[PDB]
Amino acid sequence: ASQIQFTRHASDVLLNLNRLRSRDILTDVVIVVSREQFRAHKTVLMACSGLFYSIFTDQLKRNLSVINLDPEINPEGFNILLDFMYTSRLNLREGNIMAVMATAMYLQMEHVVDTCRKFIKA
Amino acid sequence: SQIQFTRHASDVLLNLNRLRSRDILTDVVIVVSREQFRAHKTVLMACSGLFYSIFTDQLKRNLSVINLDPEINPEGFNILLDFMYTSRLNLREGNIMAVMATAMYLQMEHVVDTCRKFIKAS
Ligand SMILES: CO[C@H]1/C=C/O[C@@]2(C)Oc3c(C)c(O)c4c(c3C2=O)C2=NC3(CCN(CC(C)C)CC3)NC2=C(NC(=O)/C(C)=C\C=C\[C@H](C)[C@H](O)[C@@H](C)[C@@H](O)[C@@H](C)[C@H](OC(C)=O)[C@@H]1C)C4=O
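Per the conventions used, each chain is numbered from 1 along its written sequence, independently of whether this matches the entry, and residues without coordinates are not displayed. Each chain is given a letter, starting from A, and each ligand a number, starting from 1, according to the order in which they appear as written. Heavy atoms throughout the structure, all of them, feed into the side-chain values; hydrogens and water do not.

Novice: I keep staring at the interface of chain B and chain A and nothing clicks. Help me out?
Specialist: A common way to state how big an interface is: give the accessible area lost once the parts meet. At the interface, 38 residues of chain B touch 35 residues of chain A. Throughout, buried area stands for the accessible area (probe radius 1.4 Å) lost by two parts on being put together, summed over both. Where chain B abuts chain A, roughly 3300 Å² becomes buried across the two surfaces, and 67% of that area is made up of carbon and sulfur atoms. Counted as salt bridges are all cases of a side-chain nitrogen of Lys or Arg within 4 Å of a carboxyl oxygen of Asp or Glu. Counting across the chain B and chain A interface gives 0 salt bridges. Here a polar contact means two N or O atoms within 3.5 Å. Within protein one must be a hydrogen donor candidate and the other an acceptor candidate, and residues neighboring in sequence count only if both atoms are side-chain atoms. Across the contact surface, chain B and chain A share 13 residue pairs in polar contact. Here the residues of the side of chain B that touches chain A sort into 20 nonpolar, 13 polar and 5 charged. With 4 bridges joining them, strand β1 (residues 2–5) of chain A and strand β4 (residues 88–91) of chain B adopt antiparallel strand pairing. By the bridge assignment for β4(B), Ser2(A) is matched with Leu91(B). Here, residues are in contact when the closest pair of their heavy atoms is within 4.5 Å. When residues are sorted by character, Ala, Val, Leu, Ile, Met, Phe, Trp, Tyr, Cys and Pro go into the nonpolar class, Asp, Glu, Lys and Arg into the charged class, and all the rest, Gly among them, into the polar class. Two strands form a pair only when DSSP identifies at least two bridges running between them. To qualify as a helix, a DSSP run of H or I must reach at least 4 residues; to qualify as a strand, a run of E must reach at least 2; elements of each kind are numbered from the N terminus.

Below, the structure is given as structure tokens:
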């Protein structure tokens, strides 16, 4: 009896999820940041973000197809964090470092916060 | 941005598996013989060519129940489902032929290749 672990499977799935997202397949939510719209899978959001996890665990909010993020959240930093959720890659530049950390703190992605803090420190 | 955080994909899959066991946002029942397996369509689709084709056909895309072909055995399907959500494929001499046959059906060819090696080791 063997329990075989496939070590790039998790990477393969997340990659596929991203492919479904870029074709807009089975995306079941629109996140509204200021007034820009991002389509996403609820399940991915919850799997990465303490905020979205909190929200969608509420059996009431669970079938909401629209979510209005707080208005201090800028769309640029959100889009970067959405890309990270889906790619495990974080586009960090001096120009965006601050908007990314604030958005991450807000989404409760604390490992993203702490790599932003590590970045800050050239 | 050159750096990827490979464990992230693993966190993501770990949390999707959590949602599944809590039955949060599961949106399909897969029916295998007379056995029901709750799941998320996105995850099935990201893991199986067959599921990708089913959930991408508009006549099938919007049903909460999907029946697999009658020949498919429930023990085999349960192992593949666990694999999709954990990356671990649990093979036993008691389950192997049905896992192979079920993985072939689901067009999961790397899992098929690993079953053949186990039978050769057995
Ligand atoms: C890593 O990704 C692979 C599958 C993952 O696994 C699955 C389970 O998750 C998927 C995800 C998340 C997807 O988004 C698609 C598919 C699958 C899976 O199957 C597809 N699967 C088929 C569905 C069933 N058969 C086809 C047959 C029955 C007609 C197999 C593929 N088509 C598929 C699609 N779209 C298309 O075909 C279209 C509109 C265009 C394709 C253009 C080129 C030709 C490709 O892009 C090529 C350069 C390469 O990228 C793919 C061929 C790649 O294959 C690999 C590993 O080289 C898959 C996308 C998809 O968008």
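There's more to say after this.
Novice: In this structure, what is going on with the UniProt feature "domain: BTB" in chain B? I would like to understand it.
Specialist: UniProt positions are given in the numbering used here, feature names are shortened, and annotations may be inferred rather than shown by experiment. According to UniProt, the "domain: BTB" feature falls on residues 26–93 of chain B. Each end of residues 26–93 of chain B is marked by a C-alpha atom, and these two atoms are 31 Å apart; helix forms 37% of the span and strand 25%.

Novice: Would you take a moment to explain the site of the ligand for this structure?
Specialist: The ligand sits among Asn16(A), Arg19(A), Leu20(A), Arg23(A), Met45(B), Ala46(B), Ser48(B), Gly49(B), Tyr52(B) and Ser53(B). Mapping the residues adjacent to the ligand onto the chains of the assembly identifies chains A and B. At a separation of 3.3 Å, an oxygen atom of the ligand approaches a polar side-chain atom of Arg19(A). Within the side chain of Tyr52(B), a nitrogen or oxygen atom sits 3.4 Å from an oxygen atom of the ligand. Residue exposure ignores everything except the shown protein chains as possible cover, and the areas themselves are Shrake-Rupley values with a 1.4 Å probe. Contact with the protein chains removes 39% of the 990 Å² of surface that the ligand exposes when unbound. Of all the secondary-structure elements, those providing two or more residues to the shell around the ligand are α1 (9–22) of chain A together with α3 (49–55) of chain B. In this text, near means that some heavy atom of the residue lies within 4 Å of the molecule or strand in question.

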